[PDB]
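For reference, the structure discussed in these notes is given below.
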Amino acid sequence: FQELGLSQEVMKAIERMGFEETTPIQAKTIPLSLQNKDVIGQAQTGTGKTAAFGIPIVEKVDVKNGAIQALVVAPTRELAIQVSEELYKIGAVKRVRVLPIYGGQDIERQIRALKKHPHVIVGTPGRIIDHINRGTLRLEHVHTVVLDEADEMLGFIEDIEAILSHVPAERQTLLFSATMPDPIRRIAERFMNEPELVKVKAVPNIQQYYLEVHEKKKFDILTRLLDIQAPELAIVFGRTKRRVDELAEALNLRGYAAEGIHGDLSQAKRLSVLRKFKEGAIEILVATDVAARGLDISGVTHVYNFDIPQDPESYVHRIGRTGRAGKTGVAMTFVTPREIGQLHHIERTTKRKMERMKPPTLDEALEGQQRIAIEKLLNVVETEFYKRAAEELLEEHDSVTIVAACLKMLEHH
Amino acid sequence: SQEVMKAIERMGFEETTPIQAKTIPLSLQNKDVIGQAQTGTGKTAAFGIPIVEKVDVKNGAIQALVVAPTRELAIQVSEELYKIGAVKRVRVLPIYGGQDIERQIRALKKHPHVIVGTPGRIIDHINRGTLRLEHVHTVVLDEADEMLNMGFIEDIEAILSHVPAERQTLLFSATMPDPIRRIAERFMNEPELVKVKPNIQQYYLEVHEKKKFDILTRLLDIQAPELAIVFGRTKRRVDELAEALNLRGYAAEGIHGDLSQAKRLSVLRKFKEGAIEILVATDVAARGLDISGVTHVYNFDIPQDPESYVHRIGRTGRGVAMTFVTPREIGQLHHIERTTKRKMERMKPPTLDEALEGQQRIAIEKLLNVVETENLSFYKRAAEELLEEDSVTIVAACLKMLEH
């Protein structure tokens, strides 16, 4: 179905991501978008709408031109990172250079990345408008603007208007949103030219929990959960590189097998980490949203949102890392008091209510390691020259003392 | 000189040993010198210092030849001479049998100042014209008594014939049997004679080549050394030994010549810090390693001469040393004993089961240490209910999982 007029540099980055047949949103919007028409894609994730706009953007970029040629606006750092990561991969062969721009990061680190002359900017409105006022972001060669998850950017409206004021009047504009509230309509009328609407009609396999916890408490609740649930393979999502690094390190110092992945790592390093995770050489991948989509690993049984993803679309992709191929998944999201609203908004958007889970106490965690060791132990005997050594050992110490000591060692990480 | 003094002071050198206080002033006067001293007296620096001091680094010709009985000694000596001339930037190249000659022919293009080599391989290069000795004005015959034992006399004499007649000659040997005297008498000019008159448990195992690796790992399982060095004869055997050890779950890394500054330093950092349990090494790590806490040395390949052996095992005991000896190497093993005057105890190669029991014994000692040192109140009840679903059965299962 991906038999459109697509180049080979694109068709080949696309197959490496496993893209075979097109979804409706892609089937319908890509031709119009390749004809350079303004497009409004009404569809939820994950109908493939991200690739629906990512492909035409990479297709129309000239990698020889060192200017920013496309701008994608996203509501949150989480979505900016996920979308950039997907566009990056779409434009890897052609060597299209994508740079995420968002809040909460050192703006200097962003000035620095800008010098490398990215082709596609995907960013947050407040932060984009920020770089704009300082001349570090120059948008005179932008001829493609995408507004993505636009209903989430409905404050933002004023920044979006100011951003568009700096972009050439002559340009292709694309807007993607699950719902179309009339302020979206207003955007379309004023900034888009003859837009074509493409609407697609809107898994219970993932169990979804949240926990209300203070920041200072998150780490111990995490390790306690890990002690109780002992996941085969888990992903812990965090908000920043630093938090992901510190989290992986803290876990490793507690004896868990964990590694961090984020945007500052080289392609070489991230592939190495993903290999280690895939093969289960580590039990726990700690990650930013750079690892929320298209991982091609099927054994993840638990996802922990150490830091709540701010927008529903990023949330959905994060938890969908588990529950792959019909098998049951567990998703747990840590919510600070001030984030309860964001959590409720996520629930109303997915139409799936989450179950509140009580944070485990240290005692419950301890009892948990005990229950797991005891049961692994019973299985050993049940299903499979150890006895004489047991005899000689029991010859000089009480059997309770011996087994107690065995359990202490067994339960240790 | 200054650049020499820095390099040796930064090496630890401060006070001279007798062989050094007596030989060096004569050597620096360009005299022929016969150092009769066994190893461990600093005889190597005794000849390495003057060579380095005598080299003109701006001359790209071979200016000094050191002849040595074995590849192991050639490497060890190269490694010490290199360090001695690190600051002055003196280029040293080792040259020995068993290695592809074409790689040596390559290296010979890069203009070494000093060759350290074995006699058969040196004359090979002489005959081919790949080694040019027209500018050699210092020749050292090192561990000369071992070179005569190994039947190298015609090669050594042939070598002397291509070296300029105008040259300094130094001869170092522990003993001076008549063939060495005669060589000194025939080939040296007014030679000065300088004569100079441990808590490591030494073992050997008689093991067939094909069985060496399994014996090595069984030993590792039993002894579980905190920090071990395993010496191998060639780069290739060292890398393969390192690889095969890793595949078996041991934390090991290989070290040898032709690595890189960063790889060599990381391997040495991991070893010094205990990030790996076993360093696998050619003789490049026999001297000047400067790493503390090595409890075990395994000679996977027997070192052919006693001086190389002594410096390999001296890596520990700063200890246990184990040398694998194939049946055809049994004579060499005894030659080493007579030369060092310490008999080695013969250890029986462990069996598969003895290796298992050793692992068992270790898990038990950890368990018993817990019993003796730790409060186990928290686990008592869980243990009592476990002892419901017999005593022997439970422990045996526990032991099963305590050993992966």
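Just remember, in the structure tokens the first chain shown is A, the second B, etc., residues are 1-based per chain, and ligands are 1-based in the order shown.
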
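Once residue 249 (chain B) and its same-chain neighbours fewer than 2 positions away are set aside, residues 217, 220, 221, 242, 243, 244, 245, 246, 247, 251, 252, 276, 277, 278 and 404 of chain B remain within 12 Å of it when counting only C-alpha atoms.
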
Same residues, C-alpha atoms, saved as a compact mmCIF listing (two decimals), in the first residue's frame:
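Output file selection14.txt follows:
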# COMPACT_ATOMS: atom_id res chain seq x y z
CA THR B 217 38.55 -23.03 34.57
CA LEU B 220 39.27 -20.86 38.83
CA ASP B 221 36.08 -22.45 40.19
CA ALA B 242 40.19 -14.16 27.16
CA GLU B 243 37.23 -14.82 24.81
CA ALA B 244 36.73 -18.43 25.90
CA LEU B 245 36.86 -17.36 29.55
CA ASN B 246 34.20 -14.69 29.00
CA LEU B 247 31.96 -17.18 27.18
CA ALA B 251 35.20 -11.63 33.99
CA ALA B 252 38.45 -11.49 32.01
CA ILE B 276 37.56 -8.06 35.96
CA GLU B 277 38.82 -11.08 37.86
CA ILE B 278 41.40 -12.37 35.37
CA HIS B 404 22.94 -20.01 39.80

Could you list, as an MDAnalysis selection string, the residues of chain A having an atom within 7 Å of chain B when counting only C-alpha atoms? chainID A and resid 377 380:381 386:387 390:391 399:401 403:408 410

Using the chain letters and numbers from this document, which residues of region 258-396 of chain A does DSSP assign to strand (DSSP E or B), as a PDB file with C-alpha atoms, in the first residue's frame?
ATOM      1  CA  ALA A 258      19.144  -1.328  34.481  1.00  0.00           C
ATOM      2  CA  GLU A 259      20.357   1.072  31.773  1.00  0.00           C
ATOM      3  CA  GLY A 260      19.259   4.526  30.620  1.00  0.00           C
ATOM      4  CA  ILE A 261      18.416   5.701  27.135  1.00  0.00           C
ATOM      5  CA  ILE A 284      14.929  -2.541  33.375  1.00  0.00           C
ATOM      6  CA  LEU A 285      15.158   0.078  30.664  1.00  0.00           C
ATOM      7  CA  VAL A 286      14.995   3.646  32.033  1.00  0.00           C
ATOM      8  CA  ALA A 287      14.090   6.045  29.236  1.00  0.00           C
ATOM      9  CA  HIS A 302       5.475  -3.594  32.967  1.00  0.00           C
ATOM     10  CA  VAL A 303       5.649   0.100  32.209  1.00  0.00           C
ATOM     11  CA  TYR A 304       6.257   2.647  34.945  1.00  0.00           C
ATOM     12  CA  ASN A 305       5.650   6.332  34.284  1.00  0.00           C
ATOM     13  CA  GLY A 329       0.262  -5.754  30.426  1.00  0.00           C
ATOM     14  CA  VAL A 330       0.588  -3.681  33.590  1.00  0.00           C
ATOM     15  CA  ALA A 331       0.991   0.097  33.429  1.00  0.00           C
ATOM     16  CA  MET A 332       1.607   2.223  36.501  1.00  0.00           C
ATOM     17  CA  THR A 333       1.683   6.004  36.527  1.00  0.00           C
ATOM     18  CA  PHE A 334       3.107   8.102  39.407  1.00  0.00           C
ATOM     19  CA  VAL A 335       1.074  11.276  39.996  1.00  0.00           C
ATOM     20  CA  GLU A 355      -7.388   2.085  39.222  1.00  0.00           C
ATOM     21  CA  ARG A 356      -5.812   3.879  42.144  1.00  0.00           C
TER      22      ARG A 356
END

Pick from B:200, B:194, B:352, B:322: nearest to residue 43 (chain B), with only C-alpha atoms counted?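 With only C-alpha atoms as the atom set, the closest residue is B:194.
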
Using only C-alpha atoms, which protein or nucleic acid residues come within 10 Å of region 160-163 of chain B? Drop anything in the same chain fewer than 2 positions from it, and give the result as number ranges by chain. B: 64-65, 123, 126-127, 132-139, 154-158, 165-167, 169, 187

Do a neighbour search on residue 79 (chain B) at 12 Å with only C-alpha atoms, toss out local chain neighbours closer than 5 positions, and write the hits as number ranges by chain. B: 44-45, 48, 72-74, 84-86, 90-94, 114-116, 256-257, 282-289

As a list in words, please: the residues near residue 69 (chain A) (cut-off 10 Å, only C-alpha atoms, same-chain neighbours under 6 positions excluded).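 Within the cut-off, the hits are residues 57, 58, 60, 61, 62, 63, 118, 119, 120, 121, 139, 140, 141, 142, 143, 144 and 145 of chain A.
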
Quick one: residues within 6 Å of residue 324 (chain B), only C-alpha atoms counted, chain neighbours fewer than 5 positions away excluded, as a PyMOL selection string? chain B and resi 204-205+299-300

Exercise: region 345-351 of chain A partners within 8 Å, only C-alpha atoms, chain neighbours under 2 positions left out, as JSON, numbers by chain: {"A": [311, 312, 315, 341, 342, 343, 353, 354]}

Writer output for current selection, N, CA and C atoms, as a PDB file, in the first residue's frame:
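Ended up saving to part_9.pdb:
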ATOM      1  N   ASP A 311       0.557  14.884  28.045  1.00  0.00           N
ATOM      2  CA  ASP A 311      -0.517  14.804  27.064  1.00  0.00           C
ATOM      3  C   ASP A 311      -0.902  13.340  26.860  1.00  0.00           C
ATOM      4  N   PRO A 312      -2.184  13.086  26.546  1.00  0.00           N
ATOM      5  CA  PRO A 312      -2.691  11.713  26.366  1.00  0.00           C
ATOM      6  C   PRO A 312      -1.973  10.926  25.276  1.00  0.00           C
ATOM      7  N   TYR A 315       1.100   9.474  26.497  1.00  0.00           N
ATOM      8  CA  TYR A 315       0.820   8.458  27.487  1.00  0.00           C
ATOM      9  C   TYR A 315       0.505   7.140  26.783  1.00  0.00           C
ATOM     10  N   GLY A 341      -5.082  16.696  38.141  1.00  0.00           N
ATOM     11  CA  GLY A 341      -5.850  17.208  37.015  1.00  0.00           C
ATOM     12  C   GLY A 341      -5.386  16.612  35.703  1.00  0.00           C
ATOM     13  N   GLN A 342      -4.071  16.615  35.488  1.00  0.00           N
ATOM     14  CA  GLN A 342      -3.499  16.055  34.252  1.00  0.00           C
ATOM     15  C   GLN A 342      -3.865  14.586  34.126  1.00  0.00           C
ATOM     16  N   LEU A 343      -3.799  13.862  35.242  1.00  0.00           N
ATOM     17  CA  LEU A 343      -4.198  12.457  35.229  1.00  0.00           C
ATOM     18  C   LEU A 343      -5.672  12.294  34.836  1.00  0.00           C
ATOM     19  N   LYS A 353     -10.742   4.443  32.643  1.00  0.00           N
ATOM     20  CA  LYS A 353     -10.448   4.902  33.996  1.00  0.00           C
ATOM     21  C   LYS A 353      -9.350   4.039  34.605  1.00  0.00           C
ATOM     22  N   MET A 354      -8.447   4.674  35.341  1.00  0.00           N
ATOM     23  CA  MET A 354      -7.342   3.929  35.935  1.00  0.00           C
ATOM     24  C   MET A 354      -7.699   3.563  37.363  1.00  0.00           C
TER      25      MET A 354
END

Region 93-155 of chain A: which residues are helix (DSSP H, G or I) by DSSP, as a list in words?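 Put together, the selection reads residues 107, 108, 109, 110, 111, 112, 113, 114, 125, 126, 127, 128, 129, 130, 131, 132, 133, 150, 151, 152 and 153 of chain A.
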
Straight-line distance linking CA of residue 301 (chain B) with CA of residue 209 (chain B), stated in Å to one decimal: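 Computing the Euclidean distance for CA of residue 301 (chain B) and CA of residue 209 (chain B) yields 9.1 Å.
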